[PDB]
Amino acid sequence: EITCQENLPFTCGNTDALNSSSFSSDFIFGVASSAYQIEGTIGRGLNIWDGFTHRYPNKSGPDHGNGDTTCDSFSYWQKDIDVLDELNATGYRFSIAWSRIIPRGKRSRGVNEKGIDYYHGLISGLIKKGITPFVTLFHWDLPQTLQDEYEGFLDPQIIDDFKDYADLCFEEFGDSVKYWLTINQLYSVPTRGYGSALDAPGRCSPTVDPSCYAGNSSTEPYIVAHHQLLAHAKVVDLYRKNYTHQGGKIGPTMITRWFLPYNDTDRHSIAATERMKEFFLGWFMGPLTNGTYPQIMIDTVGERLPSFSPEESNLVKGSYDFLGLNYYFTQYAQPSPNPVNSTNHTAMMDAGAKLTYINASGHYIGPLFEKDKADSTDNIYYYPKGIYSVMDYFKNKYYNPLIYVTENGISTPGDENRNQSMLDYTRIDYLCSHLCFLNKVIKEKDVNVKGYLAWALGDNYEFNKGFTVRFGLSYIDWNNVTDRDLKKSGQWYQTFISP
């Protein structure tokens, strides 16, 4: 019988008690990255994260940081491989920058051979060290040209441009890459990119944020989400019809959270909690498992919710071999009004829920996850049991899928000096406590989880935060980015992997 801790102090950093041998022999352990966050702009065209961070520097991070140079994995990809080799990792998730291989967006405009060569060399280097690549086609970095031609995922033109990009990736890299992710965190671009305008491309209703160049936060999230699902599904169909000889697997990436009632004896909070599951997870998992959006979304969102045709429904339903599930934290849910006629209405209001990290009796859900220095009542707290609850829910609700945990990690402040930054015991605690619950759910609930990739390989540009936080298991000096030095967490993870 497995017992796992939910509160500080944690004792799962002892590899005598928790290590890779606790999991099945074939289980993959590694780390993750994304292209905007690590590569730099050298050698690629411009994408909407370049555009957004440059047009709206205060939205890029408090330091106005961006991905222009970052950790320079364009130059230092071998050093990334070296970290993975030091870890004895068996997996690495990275993304392909669309703008590096097709700078002009549309494949018929030509490819960048040198960009293709960059990923060939990375892939070959990984495989030579026994590391399985997990490759994200689209980690938010849409070529700027496509956003300017037709507003990107706002328009159905995205589907064929994404398909042709993906086809090039399968053609060039699929002989070696056997695990593909289509779109990173399906929920995020619709809501943050087109709802709150916290993320690229930065569209919203005028009264939500007067700096947005255009948008409608009530309608566009739904349009974009719908196009994401269709573009994803078209790529999965292309993969499974035209690249079956490659013997690989493909799936989407979800951001997952668990949700608990703010007041577990209040029917209204219980209802809000179940609505959140539907609106947060079901928005995408309903289509992916059934070809339809959840009924509560149909009912609430009404004419703002697009319909799938019968052909589209069939294309989207079942459009995965596995799910990449990202998991960071859990929220309490309580009811909230949905003012659909307000000029500041957002899609996110349609769930009719307010989310907190403290429940009605004043209980904080778990240890600190992210401090918010401008408003401490907005601090985020984590909840290790949430990974158990999410995986159990996916198994039970969503037809026992094959799952890889494609991100899980925690930040430390960029204000810490290097010695403090390397002494990242809070990261060991977060990672181990989640791994304990992941082992527990696999054993107790028989969830088909076959790997775990911690966020992040190394310090990088963090969307929305610049270089003001660090997520890496290895440390990068922003004054001299060449080295990636394993932190205490990376050293712990090395021991966990090879105990």
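Residues carry their position along the shown sequence, with the first being 1.
Comparing 203-211 with 400-408, the stretch with the higher mean C-alpha B-factor in the PDB entry is 203-211. For the pair 285-293 and 419-427, the mean Cα B-factor is higher in 419-427. In this entry, the residue among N359, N341, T191, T253 with the greatest C-alpha B factor is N341.
Ranked by C-alpha B-factor against the other modelled residues of its chain, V441 falls in the middle third. When the modelled residues of the chain are ordered by their C-alpha B factor, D50 lands in the middle third. Ranked against the other modelled residues of its chain, the C-alpha B-factor of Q147 as given in the entry falls in the lowest third. The PDB entry assigns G110 a C-alpha temperature factor belonging to the lowest third of its chain's modelled residues. Per the deposited record, the Cα B-factor of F463 falls in the middle third when ranked against the other modelled residues of its chain.
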